[PDB]
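One structure is given here, and the rest of the page talks about it.
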Amino acid sequence: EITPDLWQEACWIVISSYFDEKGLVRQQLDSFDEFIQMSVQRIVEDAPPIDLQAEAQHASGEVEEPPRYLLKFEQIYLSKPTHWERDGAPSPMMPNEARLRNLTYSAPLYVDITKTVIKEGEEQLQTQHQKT
Amino acid sequence: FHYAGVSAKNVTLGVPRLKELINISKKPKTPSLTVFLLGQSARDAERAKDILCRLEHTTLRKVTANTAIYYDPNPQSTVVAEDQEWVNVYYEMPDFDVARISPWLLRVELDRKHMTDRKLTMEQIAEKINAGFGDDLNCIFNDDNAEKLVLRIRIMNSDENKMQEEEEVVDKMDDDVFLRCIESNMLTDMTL
Amino acid sequence: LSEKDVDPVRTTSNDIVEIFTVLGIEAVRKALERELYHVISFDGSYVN
Amino acid sequence: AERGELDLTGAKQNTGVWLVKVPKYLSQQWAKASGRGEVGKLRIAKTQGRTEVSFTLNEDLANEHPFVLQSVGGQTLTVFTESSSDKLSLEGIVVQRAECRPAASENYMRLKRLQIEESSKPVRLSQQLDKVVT
Amino acid sequence: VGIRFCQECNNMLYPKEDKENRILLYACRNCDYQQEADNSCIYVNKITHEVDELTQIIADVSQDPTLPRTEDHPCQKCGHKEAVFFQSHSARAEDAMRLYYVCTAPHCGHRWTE
Amino acid sequence: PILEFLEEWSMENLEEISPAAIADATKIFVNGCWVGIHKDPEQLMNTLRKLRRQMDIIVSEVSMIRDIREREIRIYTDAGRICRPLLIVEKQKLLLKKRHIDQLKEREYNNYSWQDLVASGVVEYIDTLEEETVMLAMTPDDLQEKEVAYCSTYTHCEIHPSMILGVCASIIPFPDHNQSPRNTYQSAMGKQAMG
Amino acid sequence: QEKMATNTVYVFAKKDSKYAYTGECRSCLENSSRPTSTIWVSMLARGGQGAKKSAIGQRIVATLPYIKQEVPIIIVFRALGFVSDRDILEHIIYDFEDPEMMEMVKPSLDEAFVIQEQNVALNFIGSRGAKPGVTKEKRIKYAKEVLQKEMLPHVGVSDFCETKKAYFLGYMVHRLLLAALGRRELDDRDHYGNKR
Amino acid sequence: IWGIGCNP
Amino acid sequence: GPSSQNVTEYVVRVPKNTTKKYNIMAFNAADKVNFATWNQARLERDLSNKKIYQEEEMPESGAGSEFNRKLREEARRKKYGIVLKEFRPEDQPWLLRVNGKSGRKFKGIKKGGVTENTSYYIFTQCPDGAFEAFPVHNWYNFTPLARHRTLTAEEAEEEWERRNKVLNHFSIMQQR
Ligand SMILES: [Zn+2]
Ligand SMILES: [Zn+2]
C-alpha cells in the first residue's frame, strides 16, 4: 500500500487536510479559547477567599464578637457579546455594527459569589449570589 | 569575515578600525606589532626562530605537563620511585641539607615537546625559578637523558628551620598551602 | 626595539598610542596617516 | 522511662518487615469494606535459584498482582508507631521492598482514564451563557 | 587525589602533618578525627589534561538515530559489524577529530578509538 | 496525567531516591521540574511515544526529548512551544499509506480529516527541542529508498519542503531560483500591494 | 511576543562579568501566579589573584532573588538544612568517583567552612538580604520565607519541599561544574527550543 | 553567498 | 532439601482502625545508624518556633496596654500583618535525641510530596501466620547532627568578615 511516485498528489492531499481542519490563524483563536475557557476560571479559583472582620466594634466583652465575613468566588460565566443601548435594553452586538459605531466587541462576565456570615451566634449563614 | 588567509593574523579593518583610529582608543581590539629583522636573522629561518622565541611570552604553565604536590618526610626516602636515582645522586653530596629539608614536595613534569619547541633548558628554568624566589625554593632537575623531565621543588630549608628562637605560632599557610600558592604563582607569572 | 637583531628603524606597531608614548607626536602624525590610508585603501578606494 | 522514651524492643528483637508500594485501585478496594478482616492472599513460590512473589485478589473484593522486589542496601528503613497513649514504639527494621504492578496492560488504561475523569470532575471551567443575566 | 569524608562528622578531611611522627594525617577541622593517608599525594593537577574520552562515553549513545553508523569497522570484543561513530563532542578537547566508535547491538557496550 | 503515568511506569521519586543511585540512571524532567529517575530509559521513551501517537494520556502537543549523552529525559507540557507536523517513519517505510490518502481524498462524506491522521499515528507534532533528536528526510521516496548508505535510521519525514516558507513568501513563484535578499524584499512588497 | 523559556537551567559564559561561567534558571509557579523569579548560580573566574584567592581558585556563588549580596553556595545548601559537607556534595555531585568535579567543589566548601549551623546560615542570608533585618530572629524567619517561596518556586512553594529544592539547586551546580570542566557545551540563547 | 573571502 | 522448592502463602489482614498510627523512619546509609548503642531515645516535636514564631511575641505582648489603648494595641498588631502563626504541633517536624544529649541528634521532616496515587503498607510476622498490612500515615527522613562544638553566630559573622583566612582554619576552630 506504499505510495511510490504518486507522492506529489498525496503530500498536497495531506497538506490540504491540515489546512481545512486548522486554519491559518488557528494559533490565536486556540490560545484565546484556552484563556476564556480555563484561565479565567482558574484565576478566579486561585485567588484566596476574602476574610473580613470588624475592629473590636462596640468595645464590649469582644469574645470574637465582631462578625467574620467570608467571600469565595466561583463558577465564572460569560455571555455572548452584547450592546446595551441608551434605553438600557440589552441586544446582541454584531461585529460590523461594532466597526461602524466605534463600539467595543466585549462580552459580559459573571461570577457566582458565596458569602458566609459568622457572628459567633452559633449559627453561620452562607448566602449565595448567582451570576454577579 | 572577508579578509584573506594571506594575512595569517587577526586584523581589524573597515569601520571598526576607523572608529579605533578616530577615537584614539587606549586599547585596540587587535593590537599588533610588525618586527623587521636586522641582518642574518632575516636571511635565515632558524635565526628568525630564535628571535621569535626571544619575543614571545612563555610561562611555566605552557611547558608544564602536570604538577603534583607530595608529602615526603625524608628526601632519601624518595616516595616517588622514579626520582630515587637523581635524588640519591644529589644527596650523595647534599646542598642546603645542613639548614634543613622541607617535608612537603612539589613535583613538576615538563612536556618535552613544548620544552624543545621553545628551546628552553632545564638548567635555565631552574636558574629562573631560583632567581625569582631567591633561596626560598630549592630545585632539583633531571638530566636531559631521562625520558621524563622532572623538577622537584621544596620550601626553603632556612624557612623550614625558621632560623628563629621564638618561631612564632602564626604558622601562616603551614607549608602545603604555601606550596600550592607558590605553584599557582610560578605557573602564572614565571615569564621564563 | 631594544632586543638584539630587531631593526630599530623599521619596526612599527599598529597602536597609535604606543607610537605616541615611544616615538613622539610627529611619529604619530605619520603613523596615523599610514593606518588611515590602510583602512581606506583596503577596498581599493582612493582618497586624496 | 518517660513520655518521650522510644520503645526499641522491636529493634532489639530485630523484627523484619516488608515495605510494599501498591496502587490506588487495590487500596480503595481494601478500604471499601476495610472491616471484614480479609482482602486477599499473598503467595510466594521459590525455586532452586529464583523466587517469585504474587498476590491474588479476593473473589468477593474483585466484585493476579505480581510483586517486583527492590534492593534495600542503599538505604536503611525502620517502622515506628505513635500510640494513642503517647507511647512511641518501634515495630521493626525494613529488610525488603517490593512494588505491586497491574496485570492488564491496555484495558487497565481504560480504568486509568476513568480515574483521570473522576479526578477531573472537581475541575471547574468557564460556562457559556446564552442569555445575559437580568 | 580523591576526597575522603570523616566518619564521625561526615565532613571533608583536610591534610595535616604530625611533626612528632612526621606522618601525614587527614584531619577534619570540625572534629578531632585523624586518619593516616595511604596515597601520600595532596594535590595533582594535569595541565595537559590528556584524559581519554573513552571512559566518558556512554554505551547508551549507540541507540541514537542521528548518529552515523559504519559497518566497515568491526567490533573488537564481539565482532558485531555495526558501530556508531562520533567525534569528541567535548569542549576543551583541544584539536582532535578522532572518531570514538561505539559498538551497537544490545549489551556489548564496547568503546574503541582508531 | 503524565506524572501519574510516570509513577505507574516505575519512576522512582526524588524523595525516595538513594543519592548514590542517581548517577547511573536517567533524570526525568516534566515542565522543568525534576520528578525522579528511571533505571531503564529506552522502554519508557518508547511507551511515552506510543501513548502520544495513540493520544491516550499524553496529548499531541506534549513533547518528549531524550538526551542520550546527558542521561536526561525532558517532557514539556508548557504553552508557547512552536511545533510543526511531520510524517512518521518506522523501519525505512513511511507510515502514511495509500489507504490513508484514499480516505483523505474523499474527505467529504467520509469525515476523515487531519485529526484522524494524527490519531492514527501517521503524523506527529515535533517542536525544535525534539527536532534535535529526530532524523528527518526532505523527500520521502528519495531518502527512504535504499541507495549508497547515508542514513538507515530515518525517524520522521517532511510533508513538503515548501512549507518552511511563510504566508507572504509562499506567493513568490520559483523562490529557489532567486537570490535570498530578493525573496526577503518581495515579502515586504507583497504586503503593500493593491487588491 | 517571544520570551526565553521558563523553568529551565541555562549555562552561559560572560566575558565582562567577573564570573567565568554563569548558570541561570528562571522559575515560574506553573504559570498560575507571581512574576518569574530568576536564580543564578555563578562560578568566579580564576583571574583574581591572591595568596588565598589563587589557592582556592574558582569559587561558586549564588545570586538568590531578593538578597542583595552574592551568597556562597554551600551556605545555601546548609540553609536548606543539609549541614553535612558529604550530603551537600551528594546532592551536587551524583558520582563521588570522579575527582575533577570534587576538586571544583572543594574551594566553595572551604569558603563556607565558618558556617556549620543551619540557623546561622539562615541568619547570614537574611543579614545580606536587601530588605532590612532588625534582629536575628526576624532575619532567620525572613530568609526562611525567601527560600521557601522566592527561590526556585517551580520545584516547590510550600509543603516542606526543601529536599526537592536542594536536588534542583544541586542540578544547577552540577551543570555549571560540567560546563566549567567542558564536559557539556554551553547553551545557546538563540535556539528556538528555549524561546517560548 | 559566494565564499569565505567574498561576500556571504 | 525443602528449602530449594518451599512455597509459602499467608493470609492478609487489614484492620479497619489501629490505636497506634504507622509511620516510616528512614536513615541514610552513609550515616551508619546502629541501634545497639540506642539505650534510650527522645522523640518530640520541635520548638524552633521559639526562635522564629512564639515567645518571640513575649515582651511586647505583655507590656501592659489597657483600655482604649488595649483595644487599639490589639487591633493595630492584628491589622499590621496577618495574625502571626502560633504552635500547631501536628504540622511541624520531629526532633530525635538518642541517648540524651551525649548521643547523636536527628531531625525528621514530613515527606512533602503526598502519595495521592500511591499507598505504602508494612508486612509483619505474627504468631497466627497471616500477614497484616497497615497504611503508612507519614514518611520521615532523619538526618544526624554532629555532637561537636558549634560556632557562635556572632563569632561566625566576625570570622566571615575575614573571608581571606590565610592562617590555618583548623587552629581557628581549636581557638573557639
Ligand atoms: Zn570528622
Ligand atoms: Zn561488540
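These residue numbers are counts, starting from 1, taken along the chain as shown.
Per the header: electron microscopy, 6.1 Å.
Yeah, the Cβs are placed from backbone N, Cα and C, and that goes for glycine too.
Taken from Swiss-Prot as is:
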BINDING   E:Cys6, E:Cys9, E:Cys28, E:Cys31  Zn(2+) 1 binding site
BINDING   E:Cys75, E:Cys78, E:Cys103, E:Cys108  Zn(2+) 2 binding site
ZN_FING   E:6-31  zinc finger
ZN_FING   E:71-113  zinc finger
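Listed in sequence order, E:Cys6, E:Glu8, E:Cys9, E:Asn11, E:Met12, E:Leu13, E:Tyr14 are the same-chain residues six or more apart from E:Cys28 (Zn(2+) 1 binding site) with CB atoms under 8 A from its CB. Chain I lies within reach of E:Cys9, E:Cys31, taking the binding-site residues E:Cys6, E:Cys9, E:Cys31, E:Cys75, E:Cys103, E:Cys108 and requiring a CB-CB distance under 8 A. E:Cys78 (Zn(2+) 2 binding site) sits 52 Å from E:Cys31 (Zn(2+) 1 binding site), taking the CA atoms of both as reference points. With respect to E:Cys31 (Zn(2+) 1 binding site), the closest of these binding-site residues in Cα terms is E:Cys108, chosen from E:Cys75, E:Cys103, E:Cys108. Residues from the binding-site residues list (E:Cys6, E:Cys9, E:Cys28, E:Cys31) with a C-beta closer than 6 Å to any atom of ligand 2: none. Within the set of binding-site residues E:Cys6, E:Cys9, E:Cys78, E:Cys103, E:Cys108, E:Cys6, E:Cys9 have a CB atom less than 6 Å from some atom of ligand 1. Annotation: E:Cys9 carries the greatest number of neighbouring Cβ atoms among the binding-site residues E:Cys9, E:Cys108 [cut-off 10 Å, Cβ to Cβ].
Cβ proximity to the Zn(2+) 2 site centre (mean Cβ of E:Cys75, E:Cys78, E:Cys103, E:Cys108, cutoff 8 Å) flags the following additional same-chain residues: E:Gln76, E:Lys77, E:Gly79, E:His80, E:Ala83, E:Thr104, E:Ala105, E:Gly109, E:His110. Most other Cβ atoms within 10 A: among the binding-site residues E:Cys6, E:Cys31, E:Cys75, that distinction falls to E:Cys6. Counting only same-chain residues at least 6 apart in sequence, those with a Cβ under 8 Å from the Cβ of E:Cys103 (Zn(2+) 2 binding site) are E:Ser62, E:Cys75, E:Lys77, E:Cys78, E:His80, E:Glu82, E:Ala83, E:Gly109, E:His110, E:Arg111, E:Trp112. For the zinc finger (E:71-113), DSSP puts the residue distribution at 0 helix, 11 strand, 32 coil. Within 10 Å of the C-beta of E:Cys78 (Zn(2+) 2 binding site) there are 12 other C-beta atoms, taking all protein chains into account. Within the zinc finger (E:6-31), the DSSP-based counts of helix, strand and coil residues read 0 helix, 11 strand, 15 coil.
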